[PDB]
Amino acid sequence: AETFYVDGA
Amino acid sequence: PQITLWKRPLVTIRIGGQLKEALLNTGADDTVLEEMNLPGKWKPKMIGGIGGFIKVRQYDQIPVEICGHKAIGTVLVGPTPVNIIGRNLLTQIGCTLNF
Amino acid sequence: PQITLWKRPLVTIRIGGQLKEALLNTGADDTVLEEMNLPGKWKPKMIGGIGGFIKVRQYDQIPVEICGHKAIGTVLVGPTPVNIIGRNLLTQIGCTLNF
C-alpha cells in the first residue's frame, strides 16, 4: 500500500 | 466533523481557486500538493518520505480552505501521487486525533 | 486521549515484549516498523511512498499495544525512516480525526 510519511526537513 | 479511518481520509480543499481532493495526513510535517502552476515566488526544498527524497517548490502564505475551514500557510508543490494536508495546516483548523 | 498536532503524534508501543516509539499516521494504509526481529514466518512485500518503494517483511496477526490499547494485525518491517502506525491498526483502537 501507500505510506505517505513526509519529513519536513 | 468526525472522520473514521476505514478508508483514506480524503476531503475537499480549495487552493489557487481550484477545488481538489486531499489526504488529511498526521504523518506529514508539511502540506504537499501535486504539480500545479501556482503564481508567486517560491524556494527550492527537499522533503523525505518512505523510499527517499524528492525536490519540491515551496510557496509561503497561500490561502487554503479545508472543508469550509480557512487556513493559510506554506504549501509545497511537486511530483507526489496524492495531495497531502500536513500538520502545518491541520493545527490551524483545530484538528485532533482521538481514541 | 485527545492529541493535538503541533508536534509529531508519537506514542509508545509494546511489541514482541519490547517498547518503542511510533508515529500515529493517518496517511499510511499500513503499519511499518524499523528493522527488528519478530517471531513467526514473514513474506517479502514492497510498499511505496513519497520517495519511491522499499522492500519490507510482512508479519501477520501480531499483537501490538498502542498507548495501552490492544490491537492485533499485520505489521510490516523494513528500512522505514520512522516507526509508523497505520490505519490498519488505528481503526482497531477506535482512532478518529476530529475538527
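Residues numbered from 1 in each chain as written, not as in the entry; some residues may be left out. Chains lettered and ligands numbered in written order. Heavy atoms only, no water. Residues with missing side-chain atoms left out of burial classes, pairs and counts.

Structure determination for this PDB entry was carried out by X-ray crystallography, with a resolution of 2.00 Å recorded in the header.

Further remarks concern the interface of chain B and chain A. Tallying the contact residues gives 17 residues for chain B and 8 residues for chain A. For the pairing of chain B and chain A, the buried interface totals around 1000 Å² over both sides, and the portion due to carbon and sulfur atoms is 58%. At the surface where chain B touches chain A, the tally comes to 0 salt bridges. Between chain B and chain A we count 6 residue pairs in polar contact in total. For the side of chain B that touches chain A, the element with the most residues is strand β5 (residues 43-48) of chain B, which contributes 4 residues. Counted by class, the side of chain B that touches chain A contains 9 nonpolar, 4 polar and 4 charged residues. (Contact = heavy atoms within 4.5 Å. Buried area = accessible area lost by both parts, 1.4 Å probe. Salt bridge = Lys/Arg side-chain N within 4 Å of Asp/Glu carboxyl O. Polar contact = N/O pair within 3.5 Å; in protein donor to acceptor, adjacent residues only side chain to side chain. Helix = DSSP H or I, 4+ residues; strand = E, 2+ residues; numbered from the N terminus. Nonpolar A, V, L, I, M, F, W, Y, C, P; charged D, E, K, R; others polar.)

Right, let's get into the interface of chain B and chain C. Facing 36 residues of chain B, the contacting portion of chain C comprises 37 residues. For the side of chain B that touches chain C, the secondary-structure elements that each account for two or more residues are β1 (2-3), β3 (18-24), β5, β6 (53-66), α1 (87-90) and β9 (96-98) of chain B. With 3 residues, the top contributor of residues to the side of chain B that touches chain C is β9(B). Classifying every residue of the side of chain B that touches chain C by side-chain character gives 18 nonpolar, 14 polar and 4 charged. Pairing geometry for β9(B) and strand β9 (residues 96-98) of chain C, over 3 bridges, is antiparallel. Pairing of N98(B) across the sheet is with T96(C), part of β9(C). (Pairing = 2+ DSSP bridges.)

What follows is about the packing of aromatic side chains. Counting across every chain of the model gives 0 aromatic pairs over all chains. In this arrangement the basic side chain of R57(B) is found over the ring face of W42(B), its NZ or CZ atom lying 5.9 Å from the centre. (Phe/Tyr/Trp six-rings, centres within 6.5 Å; stacked < 30°, edge-to-face > 60°. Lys NZ or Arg CZ within 6 Å of the ring centre and 35° of its normal.)

Right, let's talk about the relation of the copies chain B and chain C for a bit. Overlaying chain B on chain C yields an RMSD of 0.4 Å, the required transformation being a rotation through 179° with an accompanying axial translation of 0.1 Å. Accordingly, the operation relating the two chain copies is best matched by a two-fold axis. Interface overlap between copies is the fraction of interface residues in one copy that are interface residues in the other; for chain B against chain C it reaches 94%, indicating a shared surface. (Least-squares fit on C-alpha atoms.)

A few words now on the sheet that holds β9(B). Pairing is antiparallel in the open sheet, where 4 strands are placed in the order β1(B)-β9(C)-β9(B)-β1(C). Two strands lie at the open edges of the sheet, namely β1 of chain B together with β1 (2-3) of chain C, each paired on one side alone.

Attention now moves to the state of the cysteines. Residue and element names in this part refer to chain B. The final tally for this structure, using the stated rule, is 0 disulfides over all chains. Looking at the unpaired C67, the closest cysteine sulfur is the one in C95, lying at 9.6 Å. Accessibility expressed as a relative area gives 3% for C95, which makes it buried. (Disulfide = S-S within 2.5 Å. Buried < 20%, exposed > 50% of the residue type's maximum accessible area, 1.4 Å probe, protein only.)

So, about the pattern of salt bridges. Within the structure shown, the criterion is met by 9 salt bridges over all chains. Across the pair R8(C) and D7(A) runs a salt bridge whose closest N-O atoms are separated by 3.1 Å. In this structure, the salt-bridge partner of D29(B) is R8(C), at a minimum N-O distance of 2.7 Å. Placement of the pair is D29(B) in the loop between β3 and β4 (32-34) and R8(C) in the loop between β1 and β2 (10-15), with the two residues belonging to separate chains. You can call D29(B) buried: its relative accessible area is 14%. Members of the salt-bridge network, linked through shared partners, are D7(A), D29(B), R87(B) and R8(C).

A separate point is the pairing of strand β2 (residues 10-15) of chain B. Consecutive side chains of a regular strand alternate in pointing toward one face of the sheet and then the other. Residues and elements named next belong to chain B. The side-chain alternation of β2 yields one buried face, formed by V11, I13 and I15, and one unburied face, formed by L10, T12 and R14. The pairing of β2 with β3 spans 6 bridges and is antiparallel. Among the inter-strand pairings, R14 is bridged to a residue of β3, identified as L19. By the bridge criterion, 3 bridges tie β2 to β6 in an arrangement that is antiparallel. Across the sheet, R14 pairs through a bridge with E65, a residue of β6.

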